[PDB]
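Labels run A, B, C, D, E and F following the written order; every chain starts at residue 1.
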Amino acid sequence: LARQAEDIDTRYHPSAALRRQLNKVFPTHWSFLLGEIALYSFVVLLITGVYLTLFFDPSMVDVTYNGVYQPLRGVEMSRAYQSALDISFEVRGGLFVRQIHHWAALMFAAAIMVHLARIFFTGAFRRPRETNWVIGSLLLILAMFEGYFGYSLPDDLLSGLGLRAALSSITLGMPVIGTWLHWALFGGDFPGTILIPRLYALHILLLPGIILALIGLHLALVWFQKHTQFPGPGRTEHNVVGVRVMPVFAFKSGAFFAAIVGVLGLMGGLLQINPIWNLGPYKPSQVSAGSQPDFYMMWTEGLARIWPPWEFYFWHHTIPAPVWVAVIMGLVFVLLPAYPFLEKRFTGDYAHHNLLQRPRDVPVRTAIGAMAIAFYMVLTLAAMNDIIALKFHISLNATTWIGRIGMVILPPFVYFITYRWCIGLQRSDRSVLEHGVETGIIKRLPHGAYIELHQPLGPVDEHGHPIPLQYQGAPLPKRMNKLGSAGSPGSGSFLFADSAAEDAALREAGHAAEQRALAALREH
Amino acid sequence: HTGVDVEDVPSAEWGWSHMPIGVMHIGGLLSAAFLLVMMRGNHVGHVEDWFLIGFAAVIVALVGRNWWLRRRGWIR
Amino acid sequence: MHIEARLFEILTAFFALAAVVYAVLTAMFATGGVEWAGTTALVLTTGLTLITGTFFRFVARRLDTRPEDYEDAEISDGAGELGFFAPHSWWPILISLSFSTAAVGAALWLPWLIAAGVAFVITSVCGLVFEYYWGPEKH
Amino acid sequence: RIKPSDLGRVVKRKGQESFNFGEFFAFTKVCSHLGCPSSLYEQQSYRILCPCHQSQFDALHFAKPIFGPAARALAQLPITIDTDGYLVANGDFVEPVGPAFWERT
Amino acid sequence: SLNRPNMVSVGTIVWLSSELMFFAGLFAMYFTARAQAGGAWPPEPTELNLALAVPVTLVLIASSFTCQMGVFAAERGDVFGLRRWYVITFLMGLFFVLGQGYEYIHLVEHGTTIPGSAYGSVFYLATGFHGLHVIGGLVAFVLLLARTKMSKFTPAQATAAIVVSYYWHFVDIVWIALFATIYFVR
Amino acid sequence: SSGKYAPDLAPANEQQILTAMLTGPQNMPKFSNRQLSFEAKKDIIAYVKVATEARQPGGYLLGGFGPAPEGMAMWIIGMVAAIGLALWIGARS
């Protein structure tokens, strides 16, 4: 309406910051949506957690069930386990909501890891954006621990076993502080009466607030330090080529948000995750062959499984073996946010960067990243020792030793192969730059020679052979059909053709449009 | 960059393309040492010790071959 | 295409004669009558050679001599443009890996792994087939 | 309860020779690595296995660890019978139970 | 140069011969264990429903003619008649598959299973592989239709249409043989 | 450990479960009738027969194990669909 907008102007008068934000340009590359995936997962997590807080009681006081789930009637449980059973079986929609919540947590973790991979392999962490790299690393650690505290609130057998082992028994063994930290955290010995309410507070208020603040600072830095882009035709270290916010970018972002919510709803309805009733309440005397925390904590479990038992005994003291696991965990947590500074010190490159690198052009860093992913994958597979040995008929001792030896011999092999593979991709690019695109067509040349009929991308000499071009950090076409070569079928719908006049008109319009687009981007 | 040739790595002026060779040599030696130490406090059984010594010897042989050939001029 | 069809027809003649002779000589003189396994195998071996030789005859009877079918032919006769021959492609190894996943899932009875392998096979075969027909991204 | 057929393959740790009442031994159930219940008892192998990180203990060799990330043996309890014929404990553990820490076992 | 005999055609024909040998193996399996079952060799809890097996056979025979109409349309280079006839053939093949599956359900409900007897074993192993071949043919139809949608129509596209056509014809002839052997001869 | 495994309990009937826990087959401890009464055994039999044949109220059982199949399903379904949607919506070069 005109009156409302006129009054908003006469009262707050933005009208220039509004225009400035409406004309902000964003690049359109498929890999720049991986952070949006994590953002939308976090929004869904917020909504579903706010729902879940209206039904949960985080107490450890014991009760008898006497509920609807008959196979558990008469069993002594805690109040948290009974609250989770009530959410699952007596609130209309509660099982659906908590399954959506757990699936959203898993998608959150996976999206964060894929986004970290993109940033690392493209080099978007260099000089201007090192602080944003550090902020993202802190966000990753916080998300790990938030999910860990999350799936431990329904105090059932498997989560209680994971709690006991990891938290209690690794904190208790630390060299000097150790038991002091354990007792400050648990209020005493392991099964107390304050752990579940303390974790509930930490999980619904503290860590979510810190994560929200850090996400705000992260997105503000991304908004005000403009986005990076890949090298291309009209792209420069001084501009941003893409689309403006107002009509297109907001539309695409909202559509992607809706699609991600749809996927999460589908898989929270159709797939069962964490059926706590098949378990029981946690009890210190019972155990099962079940193990393996959520997949983002599996590498610590696998490290604890495959580390050798090296202990130290000196004067009335003891250093157990899980201290090694704690040390390696802290060493990873330290080395992750320090990589930009370590790399700039090693390479001696202190310049400003706005253009991205292709992973094939940085072979050493690509091989480092592949080695790290191989190490992570070995540790993650070592966590499912028993499941692997049961389903794929292998011995348990064999799986343990296989993990123990792979952890040391596989990453350098992956490094070597990744290095050679990147150099091979570079040589393929150079061949395509020197000759033309290979078309696949063979001739016979009446004196009996076979030729291949290349297709040049630039000017040719007087002898017909194309003139070689220079590499410019952009991808090169390898298939003839990806260039407009044999396309544009009939212009019907699927079963009945249109008229030939309409077909010809649409063809000419599209050709003119694409030609003017490429001209407008190449000439300026 | 510290330096490789564009005849070895075409895109040598677009990104990090060289890691010193002493790093890889001592890394192989340290991996062999770790594999050897990994049989301290041998729990019952010796079939895995054969795999350990096999892989350690293979790594040492690879490192020694590379070092020898680089020293005598058949590499670089 | 005369010699190829003639080869397959010679094979067909021998296989048919052997099939009928074995079938009769087992109908009589054998322990439990017809053998029912080698008979079927020989019959459909004859069928194989018959199908191939028939196709070759039918394409040959409606064809004119090619330069490779013709002695006294010159190399200048075959000058021209041959078909399309695929350069580099990475889809075969993905198809092989998908089939191997399905085969391991069939060896160790794991229906979820069989289903995953079949989905991977479909996807990689589609990738192979559409490789030289995808158009430019329409933006 | 061990079969009377073997009862000669036991190794009987240095200070715990009289801790068993014939064929009854009664070790602890808390694992010495990270405190999980060591429940998987293989009776014809005479082996104890924990399903958390897959340590193995030899029930015939004072529950000494033979595989996995564990490094110390399981604590053994002294047992006997009373004048009424019920199984009772003949004292306390001679060492702390469970995971280790800076002070001792 | 142009070596007039088509190459994809030859390759497809020879692979179809190989598949014939595969079905030879299956037929030998079936014909053995029938000479062993004495008297009423199809056991008593087994009764074949001829009120369901003849309609689906007719539907497959009609699929053959619709596919031949599709390749006729293909040889004169218009894509839309091809698409129409091939969609019709896909629908008829889906009908055949659903009829076979329903007959399987009804046959397992009160009788034959794979671990039940030898007749059930040979029957299911002989007909289910043919069903899998039909499903493969359907997937091929879908892929070819998508490829005709995604670019300009050429003689290579026409060749793809023709080779899919006689793969379908091979499948139909194999079904004719299996049906005549199992339901009528017995 | 070292080969041996414990089987699935689905294809066993009630008498088979009873005799199994009465006799204690290889590597399985033998549960005497004096340490585990007949009524307790019958309760255990009822519990296992319910736990093996009841329908899951939350969707497709992903194998009955914990979050290893769940992480596998995550990476193979949810992330693949999300990345395919990103490839469709965004551009590439």
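Here is the rule we use: a residue touches a chain if its C-beta (ideal position, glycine included) is under 8 Å from a C-beta of that chain, and two chains touch if they have at least 3 such contacts.
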{"item": "Neighbouring chains shared between chain C and chain E, ordered by label", "value": "A"}
{"item": "Pair of chains whose C-beta contact count is the highest in the structure", "value": "A-F"}
{"item": "Averaged-CA centre spacing for the pair chain C and chain B, given as whole angstrom", "value": "48"}
{"item": "Distance from chain B to chain A - Cα centre to Cα centre, in angstrom", "value": "32"}
{"item": "Distance from chain D to chain B - Cα centre to Cα centre, in angstrom", "value": "45"}
{"item": "Junction residues of chain E, two or more chains touched", "value": "1, 150-151"}
{"item": "Chain A residues counted as touching two or more neighbouring chains", "value": "290-291, 308-310, 396-397, 444, 481, 487"}
{"item": "Contacts with two or more other chains, residues of chain F listed in rising order", "value": "1, 91-92"}
{"item": "Listing of all chain pairs that touch each other, if any do", "value": "A-B, A-C, A-D, A-E, A-F, B-D, C-E, C-F, D-F"}
{"item": "Contacting residues of chain A [partner chain C, same complex]", "value": "391-393, 438, 440-448, 478-484, 487"}
{"item": "For the chain D and chain B complex, residues of the former touching the latter", "value": "65-67, 71"}
{"item": "Contact footprint of chain D on chain B as seen in their complex", "value": "41, 43-44"}
{"item": "Touching residues on chain D, where the partner in the complex is chain F", "value": "41-45, 47, 49, 54, 56, 67"}
{"item": "Residues on chain B engaged by chain A in the complex (per definition of touch)", "value": "1-2, 9-11, 14-19, 27-28, 31, 34-35, 38, 40-41, 45, 48, 51-52, 55, 59"}
